[PDB]
Amino acid sequence: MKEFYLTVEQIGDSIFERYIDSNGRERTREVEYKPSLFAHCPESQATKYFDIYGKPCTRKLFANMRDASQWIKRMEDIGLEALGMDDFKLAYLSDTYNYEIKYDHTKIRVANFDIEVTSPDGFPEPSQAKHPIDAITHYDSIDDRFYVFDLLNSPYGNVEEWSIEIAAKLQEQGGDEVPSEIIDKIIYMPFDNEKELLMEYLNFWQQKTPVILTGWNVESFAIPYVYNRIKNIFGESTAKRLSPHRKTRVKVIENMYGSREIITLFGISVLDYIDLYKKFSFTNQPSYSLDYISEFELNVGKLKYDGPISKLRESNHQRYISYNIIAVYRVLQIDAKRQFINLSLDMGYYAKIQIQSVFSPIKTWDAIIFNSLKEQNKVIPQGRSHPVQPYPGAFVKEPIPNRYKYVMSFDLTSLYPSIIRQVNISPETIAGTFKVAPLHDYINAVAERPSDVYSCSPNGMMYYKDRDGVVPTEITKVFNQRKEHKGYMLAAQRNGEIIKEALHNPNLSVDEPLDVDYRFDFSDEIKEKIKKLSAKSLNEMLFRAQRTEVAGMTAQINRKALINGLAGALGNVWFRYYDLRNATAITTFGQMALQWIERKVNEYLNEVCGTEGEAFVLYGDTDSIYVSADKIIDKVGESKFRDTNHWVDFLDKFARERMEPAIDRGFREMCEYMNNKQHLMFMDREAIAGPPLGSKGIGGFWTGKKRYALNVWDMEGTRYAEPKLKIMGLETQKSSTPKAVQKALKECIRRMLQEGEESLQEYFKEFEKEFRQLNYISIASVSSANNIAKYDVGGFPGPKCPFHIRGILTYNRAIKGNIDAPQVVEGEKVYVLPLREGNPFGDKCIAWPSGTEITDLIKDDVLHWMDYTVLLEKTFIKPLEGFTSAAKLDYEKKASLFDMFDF
DNA sequence: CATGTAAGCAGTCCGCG
DNA sequence: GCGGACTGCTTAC
Ligand SMILES: Cc1ccnc2c1ncn2[C@H]1C[C@H](O)[C@@H](COP(=O)(O)OP(=O)(O)OP(=O)(O)O)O1
Ligand SMILES: [Ca+2]
Ligand SMILES: [Ca+2]
Ligand SMILES: [Ca+2]
Ligand SMILES: [Ca+2]
Ligand SMILES: [Ca+2]
């Protein structure tokens, strides 16, 4: 097999590399790497190295990496550019793996672990590590085994061995319901004392050294706890055995509270699953406890136990250990679904970077572009210092707030990367400038053509049309991968709807799920077989289609994120190729494109409807337009449609056969106007929206920019079995909105859009009557809590103190000197509740850590003093009044003359 | 050592015979 | 009690 790296580190003048050799064996080597950098040299000198602008360079080969760094500083002092890759381990990887890396994940050791630490005096701080580690579960991906290290004797209690037989039993039979599929994979190791547990764990670690190290919150808890605990017991050198190179870096961050540490383990790639999740999931959660995320991702119930975690080991050691095991497994289950470890590996090896560098789009692109340019013997420019400078972004149309009955939307494919490719935007393709007219003159096609020679953006930039740019070249490759995966995702989604349709008439038979590839639209013959399947098989097929869809979503959305990240990187001062001319060439072109096509669509639809000057495009944001389709439907007349699906088919055909060609003609003309390299402005129909035929539903509404709701029948070619709400920006979409309120507001919208005013009023009346009976957590607001200390004046709110911060301070006083209460962690999320006047908490609100029950001692008072009136008004009534006033609807029946009668 | 900007809404402070 | 300037937070793209 071809060789591939596992990890790389620079330590002084040495590169330390863990890798897989040609026989599939794990190896380590220390290489005294001799790096090269470059300096501009006189033309006359015959060299083979050129910078990106074609200026000749001379190579400087250094005896070691220190000399190379020292030369960089001398060059800075002289005032001349020091060219080449200055992160030498990227140079090392590029030199060592001068081919496309094909890695074998079954050879890469992926470790998932977590630890337990009983603490009778508050949260066990990793920086102090003053309490025994009393459980470790460490799953190894090569062994496919859960190694369980269990402390039997502790200063906090002596306990019996954990029982695998009891662990396997149903909870309803007093067991722990450790999943049956992992019972046989558990290797259980009890220990009589912590020192031997830890020594054995370290020996184990030596035998089975993680390459990728992950788990839930490992970077801020488990890792520094383990490291510091070992340091305290055995000494720092022993603790450094966690690094295969025996080298660590300890980073301490302090504030007006305590101080935590992050530990860098050289030779390991730590990918905390919480960080992966935040980056790659495109959710925003109200809590990031593993209980909450597992429930959200997998629909499994919270791991329940009685009493405080500080007493769980002594009262129920059996459950304590089982829950440690299940917690490690849940992260594996989330990853089986989401496939973020897979994505990280793909991206890391594609770029030739340390795997943990996938968190940095700047590092990822620097490496990609470096490798691309190195192939052509080109020399990359020196990174420079740039002052931060705001710059203009996209255009958003101001909508008229209203109900909108029939809506069709259109969206440009991968807009910013498509602009890069169309215009040919790259550091080395800049041809010059032209004198700009106001943007409106380009939009209306009245400005003079910018150039008949170069490819242009309305920001004044010109680019060469006849040569390739590294940015367009490399962005296209990732774009093409993204497109492939998005196709798989959409196919799986269409396939799901086929299965949901067939679930309306399940067959009474004993059969099996069909063996199919869900990434491809089902054939007619598969559709025939599906129509004869039982509910059981259909449901299993539906689960599999949805899992296929999720896998496709991970793959495409994060590749989209990467390419869009390149367009944003051009506007980040830390990017080697930072250049506002290019960042701005993109955003300004986008503004033109949106507003140009708005004009073209208005013109086209007025023409085909035989009218003049009417506004069809009601809204647009960045690269999308929303077209009112009322006049289209009225042109033929609603009477003519047999059912909802009929008018949906009609609009679908209209968009594809009439509008899209006109949109295409409009953009091809724009491309000629800007004299661009390649026409890539591809704007396809997205949503078809409307009320069910014959109902009193309003179809959709806008309240303002970035705030709307639509009843959707078809989305990007997926014809839904059941209409689906597309809601953007409204409180239902915000993680700060209480859970039960999100639910209630969404049902309010559903009723407005599908059923009408009366249906809304009936629901509102019910919700208002039942509000007070909802669980307090379901109705609590949520907020992130930054700069808590900043506003903390002897436990009381300083000036301008935010509401949620005030709640935290109220909480801190309520739990003061009471060691069993969970602390609010800076930058994390809190539940928030308003309090009625005169409450024993001495203030107007309380806040506590999100995803948790409020501590038992103050829970009773919170429940008694909660201000339901304020809560209902702020979180529910006020947003709903926004929705209904925009929609020209009432959520409560208004008074009228009819009130004089007895109905 | 590290993607971007646009923009809505809740909240605090201040002005208000 | 509300609106205007301002911060904080969060979402749309
Ligand atoms: C998250 C994020 C970071 C940086 N830029 C972002 C972004 N989301 C959108 N944008 C910018 C770049 C996008 O090209 C543009 C339009 O957003 P949109 O979400 O339409 O995505 P787009 O890239 O066009 O991909 P599709 O093919 O799925 O439509 O808005
Ligand atoms: Ca635990
Ligand atoms: Ca788009
Ligand atoms: Ca599309
Ligand atoms: Ca059937
Ligand atoms: Ca869009």
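Computation of the quantities below employed the complete heavy-atom set of this structure, encompassing side-chain atoms and omitting hydrogens, waters and symmetry-equivalent molecules. A, B, ... follow the sequence lines: proteins, then strands. Residue 1 opens every chain.
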With sugar-phosphate meaning primed atoms plus P, OP1 and OP2, does A:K844 contact a base, only sugar-phosphate, or nothing at under 4.0 Å between heavy atoms?
-> sugar-phosphate
Closest to side chain of A:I362, choosing from C:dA12, B:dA2, B:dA6 = B:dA2
With a 6.0 Å cut-off on ring centres, are A:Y619 and A:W702 close enough?
-> yes
Please work out if A:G565 contacts a base, only the sugar-phosphate, or nothing of the nucleic acid, heavy-atom cut-off 4.0 Å.
-> base
Give a yes/no on whether any side-chain N or O of A:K874 is located under 4.0 angstrom from OP1 or OP2 of B:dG11.
-> yes
Indicate, with a heavy-atom threshold strictly under 4.0 Å, whether A:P879 touches base, sugar-phosphate, or nothing.
-> nothing
Out of B:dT5, C:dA12, C:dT10, minimum distance to the side chain of A:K734 belongs to C:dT10
Answer yes if the ring centres of A:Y776 and A:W848 are under 6.0 angstrom apart, and no otherwise.
-> yes
A:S784 side chain near C:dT10 phosphate (N/O to OP1/OP2, under 4.0 Å) | yes
Please work out if A:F359 contacts a base, only the sugar-phosphate, or nothing of the nucleic acid, heavy-atom cut-off 4.0 Å.
-> nothing
Name the nucleic acid region contacted by A:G704, choosing base, sugar-phosphate or nothing; use a 4.0 angstrom heavy-atom cut-off, strictly under.
-> nothing
Could you work out which one of B:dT5, C:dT10, B:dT3 sits closest to the side chain of A:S360?
-> B:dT3
Aromatic ring pairing A:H386/A:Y578, orientation class (parallel under 30°, perpendicular over 60°, tilted between) = tilted
Of all the choices, B:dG4, B:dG8, B:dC9, which nucleotide is nearest to the side chain of A:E731 once you look at every atom?
-> B:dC9
Considering only B:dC9, B:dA6, C:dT11, which nucleotide approaches the side chain of A:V396 most closely?
-> B:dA6
Does A:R813 count as lying over the ring of A:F796, i.e. NZ or CZ under 6.0 Å from the six-ring centre, within 45 degrees of the axis?
-> yes
Considering only B:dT3, C:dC9, B:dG8, which nucleotide approaches the side chain of A:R707 most closely?
-> B:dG8
Pick north or south for the sugar of B:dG4; the rule is positive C1'-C2'-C3'-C4' for north, negative for south.
-> north
Looking at the rings of A:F266 and A:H245, which for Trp means the six-membered one, are their centres under 6.0 Å apart?
-> no
Report which part of the nucleic acid A:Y577 touches: base, sugar-phosphate, or nothing (heavy-atom distance under 4.0 Å, all strands).
-> nothing
Closest to the A:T703 side chain, choosing from B:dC9, C:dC9, C:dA12 = B:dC9
Verify the contact: side-chain N or O of A:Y416 to OP1 or OP2 of B:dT3, cut-off strictly under 4.0 Å; return yes or no.
-> no
When you check the phosphate oxygens OP1 and OP2 of C:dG8, does a side-chain N or O of A:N786 lie under 4.0 Å from one of them?
-> no
Looking at A:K705, does any N or O in its side chain come under 4.0 Å of the phosphate oxygens OP1/OP2 on B:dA7?
-> yes
Any A:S735 side-chain N or O less than 4.0 Å from OP1/OP2 of C:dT11 = yes
Of the listed C:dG8, B:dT3, C:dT11, the closest approach to the A:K279 side chain comes from B:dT3
Among B:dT3, B:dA7, B:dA10, the nucleotide that comes nearest once only the side chain of A:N572 is considered | B:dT3
Looking at A:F803, is A:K874 sitting on its ring face, NZ or CZ under 6.0 Å from the six-membered ring centre and within 45 degrees of the normal?
-> yes
Do the side-chain N and O atoms of A:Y404 and A:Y626 include a donor-acceptor pair separated by under 3.5 angstrom?
-> no
Kindly confirm whether the side-chain ring of A:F803 is stacked on the base of B:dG11, judged by centres under 5.5 Å and planes under 30°.
-> no
Is A:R806 near enough to B:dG11 that one of its side-chain N or O atoms lies under 4.0 angstrom from OP1 or OP2?
-> no
With sugar-phosphate meaning primed atoms plus P, OP1 and OP2, does A:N564 contact a base, only sugar-phosphate, or nothing at under 4.0 Å between heavy atoms?
-> base
Could you check which of C:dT10, B:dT12, C:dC9 has an atom nearest any side-chain atom of A:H804?
-> C:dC9
A:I805 CD1 to B:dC13 P, in whole Å, measures 14 Å
